[PDB]
Structures are given as structure tokens and as C-alpha cells.
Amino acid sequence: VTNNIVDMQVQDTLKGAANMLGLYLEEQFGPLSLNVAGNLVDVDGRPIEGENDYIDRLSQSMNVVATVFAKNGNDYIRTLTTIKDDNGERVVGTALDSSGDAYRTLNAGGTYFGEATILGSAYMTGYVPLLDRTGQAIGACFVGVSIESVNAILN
């Protein structure tokens, strides 16, 4: 019973947080676009990289990790993220695994909710397309909870 409750809580958290992230970006930046170099920019053409205040707040309040990807070609590059490597640096510049179903789902214009590996470890994830004012996909928003964190709750 409690295990199923925890699983449903994780899923509800991710559904809520994935849509909140899109709303947070709209509040922070307004509509986003890609510049010639393939970087996410606001209406003024100002790049968003390093402006992590809202995504950090979302991560803290919903207890998720979170990422905003830029779409370059069919690839998705982490632009804003709360995921960190062992040295404490945010994993900006890493890419979504091109062999995974989350990548295929996003390139097909869909959303992905399910388990996925990120940089070597397993997470429960939500990946949602990010669109510009014309409806064109310019990236993706992601929220996740590590399987390690889920197992810690269950124990």
C-alpha cells in the first residue's frame, strides 16, 4: 500500500513539476527562442545560460532535479540544470542520450514519463517539449527523482 502510494506520489510530483517548470520559464523569461548559435534566448536575444534562480527554486520546492534543454538539430543539450557532477559543477553542456526512448519521444513531439538513465544513474523522469512563439520545438523541460532517493523513502 505505502509502496504504491510512494510510486504514485513520485509520478504526481513529476507531472506537477514538469508543467510548473514550463510556467516558471514563462515567468522568468517569457517566450524563448534559439539564436543563430543554437543557444536559448529570451525575446531580447539575451541567452538564459547561468540564470538558474527559478529552476533552483522549483527543484527545492518540489524536491526534484530539473533540466532545461536546448534543441540543436535532433540533439538536446543541457542549458540549465540542477544535476551536478562529483566536483559539484552543474552538468551544463552534456546531451540527452540519443539511444534512449526519451530522446525519440521528444523528437516525435511527445512527452516522456518513466524511468531513464541520466549520466550513469537511474531516475524517474518527465521530459516535455519546449516550444517557441510559433509552436516550433526549441528544447525540452525535464524533472526527475533519482531511484536512490525513492528507495531511501521506501526504507
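Don't overthink the numbering: it's just position in the shown sequence, from 1.
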**Report entry** Which of 96-104 and 36-44 has higher mean CA B factor, as the PDB entry lists it
**Finding:** 36-44
Report summary line: Higher avg CA temperature factor (144-152 vs 1-9, as deposited) belongs to 1-9
Requested in this report: Please pick out which of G135, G139, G16, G22 has the largest Cα B-factor as recorded in the entry.
Outcome: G135
Report task. Could you tell me which third, lowest, middle or highest, the C-alpha B-factor of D86 occupies within its chain? Result -> highest
Query raised in the report: Lowest, middle or highest third of the chain for the C-alpha temperature factor of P31?
Result: highest
